[PDB]
Every structure is written in C-alpha cells, then in structure tokens.
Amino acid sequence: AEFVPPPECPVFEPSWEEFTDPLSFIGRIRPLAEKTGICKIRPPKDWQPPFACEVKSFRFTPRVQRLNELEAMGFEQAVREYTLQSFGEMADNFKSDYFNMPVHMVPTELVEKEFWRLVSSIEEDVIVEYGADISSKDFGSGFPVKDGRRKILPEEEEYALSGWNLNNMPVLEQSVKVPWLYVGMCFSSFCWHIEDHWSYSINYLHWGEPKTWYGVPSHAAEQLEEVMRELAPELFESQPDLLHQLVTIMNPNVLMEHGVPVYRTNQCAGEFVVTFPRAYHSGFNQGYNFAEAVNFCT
C-alpha cells in the first residue's frame, strides 16, 4: 500500500558549551547515534553563518535522474546548463506544477509518499535534475573561508574560524579532500551508499526546502547488502559495490520488512546531518535547496 515512514532518527540541540568542538560532541553522542547510523544536529539559534558562494558566477550542469529507471528494466534527456537563479525558477515551477499548489505548501509526508510511488511506477515517467558533486574549489565554499578569495566581513570571521565550518573538519587519516556542493530539487535523490574507507560524513543545509534522509546502523550493513543482492536485478548482482551503489535504490519499507532497521529525518535549513562509519544512507530533496558535505576522520 502507501509508504510507511521509518522511525525518526535522533535530533540533538546542543547548548553553546556542547557546541564548542564538533569532534568531541560527536564522540559523546556516539553510543546513541551509532545505533541509528544517522543523526541530526541543530546549532543554537544565534549561530547563523552567511552564504559565501559567489552567486553571479555560479554555473553548473546538473545530471538527469529518471526515478523509475530500475523499474523500466540514450537520447531521452537533453542536458542543460543553469545558474543558481535559473535552476531555482525551474525547480520551483516543477514542484508547484506537479502538486498544483505553492511549493512551500506541499507537506513533506506527501512528497515522500509520491517519491516512492514514482520510483516503482512504470505507468508514469518523471525526470528531475540533480546538482551533484560540485567541488567547493571552483565556486568557493558555502561557508566563509579565510583563503583570501573574497569578503570576510568582521561579522563573518567567527564562522570562517568555526570548527563546524565544513572546511575546518579534519580530512586526514593516519597511515604509515574538500567539501562538495549539492543543488537539490524535488524529487532529486541519492541512493543507498556508504562513504569511501567507511568514513564519517557531515552534511550542512545552507538554505532552501528540506532534505529527507534514510539511514541504517553499521551493524546492519551486511543485512542490507544481502537484501540488496537478493532483490537487485541479476545483471547488477555480480558488480563490485563501488559500481553497484550507483544504481542501488530500494524502498525503505522493503528493507524494514526483511528486518533491517531504518531511520528517517527531515533536514531543514541550518541543520547538520552526521553519518557514522559504514552507515548506509539514502534520501531525496523536498525542493530547491543548497547543501554542503565533506568526509572527515576522527
């Protein structure tokens, strides 16, 4: 029948004392959040970093996503370049035309149920566009940085030096890496995957409509992979996991019916989402938004 939402993942609202060091804070919430595989962190209300990207120079070519492509089992889609403004106008027009109502009036539960119906629907073909893996080096980070390429107002300095600035997260693993940008739209999505080297990942939503997340704890990772390889198409069964997780999209209720724990959440503007080592995660955007993510080491 209709989609059944997984239980909600933990939300943390640290005080200013607990918000000092991200690594220490993440270490303290670990015994809980590691059981859900993902968690949400709302910074104190007075923490409000400005958006540091250069908007007039921001240009990208998003990738075409067909929601039902796996159910359908190369001239279909014509790819186009956007600015931030022109993408937002296209994104907002798509959502309001699809649901026949203003974009901010569409309930998050309604986009969720419709997304998973469209994923499995062979009767309807919905095409969206996903701003994807845009390096922060070209346009600059969404956070103010001290690199000296622009700005840094006096009010901006504390955010450029903040440990919660994603450019300041430690990227280096001990042995004998820059943030990435995502311009989202309804329904654009990321499928089930883990980070390289089972790394942590932290994700910040600068502005826009929410990003919906699903996540699985690391102790269930093998269970997810077994259900995946069981129900995945045969041609992709023998593919290595690095190539497999490009196409692996599965209704969370299907995982839950096989006993795999799955947790959900809606990441709104100004909120962090942390994924723990080897925690499988997936999701989709509710609408036009801008997100920044980096893999970090502890």
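Counting begins at 1, following the sequence as shown. For the two forms, the rigid core is made up of the largest set of C-alpha atoms that agree within 1.5 Å on superposition.
Remark: when the other structures in 8 other deposited structures of this protein are fitted onto this one via the rigid core, 145-153 deviates more than the alternative among 145-153 and 205-213, judged by RMS CA distance.
The segment from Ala78 to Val79 is modelled without interruption, since every residue of the deposited sequence in that interval carries coordinates. Averaged over their C-alpha atoms, the temperature factors of 64-72 and 229-237 are higher for 229-237. Between the stretches 116-124 and 102-110, it is 116-124 that shows the larger average CA temperature factor. The PDB entry gives the largest Cα B-factor of the residues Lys146, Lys211, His193, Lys95 to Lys146.
Ranking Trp164, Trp198, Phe139, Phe187 by the C-alpha B-factor listed in the PDB entry places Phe139 at the top. In the PDB entry, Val294 places in the lowest third of its chain by CA B-factor.
For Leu32, the recorded CA B-factor ranks within the lowest third of the chain. Only modelled residues enter the ranking. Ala52: CA B factor lies in the highest third for its chain, per the PDB record.
For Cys9, the recorded CA temperature factor ranks within the middle third of the chain's modelled residues. When all modelled residues of the chain are sorted by CA temperature factor, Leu84 is found within the middle third.
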